[PDB]
Amino acid sequence: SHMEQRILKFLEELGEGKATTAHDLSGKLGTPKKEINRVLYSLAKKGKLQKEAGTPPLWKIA
Amino acid sequence: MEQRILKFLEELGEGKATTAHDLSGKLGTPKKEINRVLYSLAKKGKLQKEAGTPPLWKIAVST
RNA sequence: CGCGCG
RNA sequence: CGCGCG
Ligand code: NA
Ligand code: NA
Ligand code: NA
Numbered sequence: 137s138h139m140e141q142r143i144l145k146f147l148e149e150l151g152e153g154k155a156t157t158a159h160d161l162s163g164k165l166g167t168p169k170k171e172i173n174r175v176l177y178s179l180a181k182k183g184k185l186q187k188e189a190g191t192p193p194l195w196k197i198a
Numbered sequence: 139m140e141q142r143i144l145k146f147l148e149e150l151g152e153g154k155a156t157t158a159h160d161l162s163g164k165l166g167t168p169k170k171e172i173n174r175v176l177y178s179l180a181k182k183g184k185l186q187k188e189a190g191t192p193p194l195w196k197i198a199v200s201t
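Residue numbers (the deposited numbering), protein chains in the order written: chain A, 137 to 198; chain B, 139 to 201.
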């Protein structure tokens with residue numbers, strides 16, 4: 137997916153083990169947070185991302 | 139509108155409750171808006187939110 | 001306030 | 001699936 141690739145690339149740019157929020161991704165990638173989150177939770181289900189549950193949750197490459 | 143929901147849930151009958159989904163259909167209002175109003179009415183002590191899923195809403199029993 | 005929800 | 005979220 138186009139969006140999946142953008143998100144995964146953003147994270148890879150940060151360096152190994154680094155995490156970000158949907159809030160941040162939404163701003164930097166110019167994409168509504170609802171869409172960001174739809175793709176973040178999906179990727180996690182596919183095992184491509186790890187969610188660190190919090191408020192807000194943090195997301196990294198799996 | 140708060141007064142619209144209160145009247146409808148009043149006319150539903152004594153001790154009767156229904157869902158936001160049901161109110162949404164019956165009042166021709168998006169569930170989003172229905173729910174915003176229900177939760178605010180509960181804060182105000184005018185409705186009771188029953189536990190469970192989907193939540194049930196009824197007129198508060200008052201003193 | 002965690003919200004991804006169709 | 002509970003969603004009301006500004
Ligand atoms: Na409800
Ligand atoms: Na929802
Ligand atoms: Na929300």
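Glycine included, C-beta positions come from ideal geometry on N, C-alpha and C.
- Annotated three-state conformation of B/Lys184 is coil, per DSSP.
- Under the 8 Å Cβ criterion, the segment 153-167 of chain B counts as touching the segment 183-201 of chain B, having at least three qualifying pairs.
- Around the C-beta of B/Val199, fewer than 16 other C-beta atoms lie within 10 Å, and the residue is accordingly described as exposed.
- According to DSSP, residue pairing for A/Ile197 in a beta bridge involves A/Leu185.
- Between B/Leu165 and B/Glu140, the gap from beta carbon to beta carbon reaches 8 Å or more.
- Put simply, the backbone Cα of B/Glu148 is about 20 Å away from that of B/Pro192.
- A direct Cα-to-Cα measurement between B/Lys170 and A/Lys170 gives close to 16 Å.
- The beta carbons of B/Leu176 and B/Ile143 sit closer together than 8 Å.
- For A/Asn173, the shortest separation between its Cβ and any heavy atom of ligand 1 does not lie below 7 Å.
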